[PDB]
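Novice: Sharing a structure below in structure tokens format, with a few things to ask.
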Amino acid sequence: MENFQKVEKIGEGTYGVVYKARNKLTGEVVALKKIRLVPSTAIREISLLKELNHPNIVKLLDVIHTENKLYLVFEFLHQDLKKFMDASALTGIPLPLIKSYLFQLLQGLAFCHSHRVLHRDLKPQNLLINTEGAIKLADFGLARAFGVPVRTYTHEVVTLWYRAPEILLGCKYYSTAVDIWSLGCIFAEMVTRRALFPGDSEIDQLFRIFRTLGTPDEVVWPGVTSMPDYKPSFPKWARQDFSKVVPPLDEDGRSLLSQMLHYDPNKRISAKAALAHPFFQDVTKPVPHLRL
Ligand SMILES: NS(=O)(=O)c1ccc(Nc2cc(OCC3CCCCC3)nc3ncnn23)cc1
């Protein structure tokens with residue numbers, strides 16, 4: 001902590017505050033996260049994260065466990081996907097770049113999934129971009145370490161918008177499919193320039209998903225009716241056309257999203273399978289127009 005000079009606050013997560021900071025010795029510019037809470041298992045989970053290195057995962061440079069406090073020192077990235085979407089709002093992010101970004105996030109996901117590590121809380125604000133055309137996942141594995149509360153330390157309400165329905169229906173065992181779901185939500189938002197399911201309570205979130213995708217039943221999702229928060233009294237809505245949901249996404253794009261948004265997590269496409277989907281046949285890596 002005293003080895004770093006704070007430059008500016010750049011965010012507030014479910015785990016505490018994030019600063020751009022500079023390392024007083026080496027000169028390195030990092031993202032410094034002080035974790036609010038250190039339990040011996042948090043230490044051990046977090047230390048596993050230090051080995052989980054990939055070009056599409058924000059590098060955890062150091063864990064500083066000092067004075068009974070916990071700091072995470074990350075590779076610094078200058079912008080998030082929310083800010084970039086908002087800045088690209090008038091014409092949309094070009095599809096070639098959407099495709100490149102979706103392709104890289106799926107590589108990062110396939111990587112972490114293959115090491116049995118989930119994100120659990122993907123969202124535009126933890127997807128980070130550079131001037132080189134890269135996109136990276138931030139805070140991977142942190143939710144399994146400190147817990148996703150309803151409010152942050154500053155009382156900010158956590159988004160439900162990207163939450164998978166198995167989580168909303170109270171499944172205690174998350175699988176990697178929850179990340180695919182969130183990433184599918186983000187894909188749709190990139191394309192349409194609107195959030196797919198902007199719920200403002202758990203039942204609002206659920207009911208927005210049902211209105212678009214049809215209330216789930218035993219046909220499409222064996223087991224759904226026996227989940228902890230499933231209620232027979234849930235209204236039964238019919239599905240909508242994806243054609244109606246993400247114009248002007250093309251047929252390959254629509255077919256992948258549909259597989260990323262399958263109700264049953266066991267039918268939901270894997271990151272590795274989605275990488276082989278025809279939508280990526282012509283993937284490229286454009287450089288974005290970034291104002292920093
Ligand atoms: N809003 S912004 O585009 O200017 C922006 C976004 C992000 C960052 N940098 C950043 C921010 C960050 O915080 C991530 C968020 C995730 C959602 C919850 C708040 C923290 N973690 C990070 N790790 C490396 N860089 N980095 C810098 C600027």
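One is the number of the first residue shown, and numbering goes on along the chain from there.
According to its header, the structure was obtained by X-ray crystallography, 1.8 Å.
Including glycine, each Cβ sits where the backbone N, Cα and C put it.
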Novice: Check the candidates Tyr15, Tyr230, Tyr263 against Swiss-Prot and report the one noted as phosphotyrosine.
Specialist: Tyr15
Novice: With Swiss-Prot open, pick whichever of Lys6, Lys24, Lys83 is annotated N6-acetyllysine.
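Specialist: Of the listed residues, Swiss-Prot records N6-acetyllysine for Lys6.
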Novice: Could you check Swiss-Prot and say which of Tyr19, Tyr153 is marked as phosphotyrosine?
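Specialist: With Swiss-Prot as the source, phosphotyrosine is noted for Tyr19.
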Novice: For the candidates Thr14, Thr26, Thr66, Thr131, I need the one that Swiss-Prot annotates as phosphothreonine.
Specialist: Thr14
Novice: Test of record reading: of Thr154, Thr212, which one does Swiss-Prot tag as phosphothreonine?
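Specialist: Record annotation (Swiss-Prot, phosphothreonine): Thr154.
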Novice: Near ligand 1, which of the recorded positions show up if the criterion is a Cβ under 6 Å from one of its atoms? Options: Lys6, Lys82, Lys83, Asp121, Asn126.
Specialist: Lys83, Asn126
Novice: In DSSP terms, helix, strand or coil for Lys9 (site 'CDK7 binding')?
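Specialist: The residue in question, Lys9 (site 'CDK7 binding'), is strand (DSSP, three-state).
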Novice: Could you find out if DSSP has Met1 (N-acetylmethionine) as helix, strand or coil?
Specialist: coil
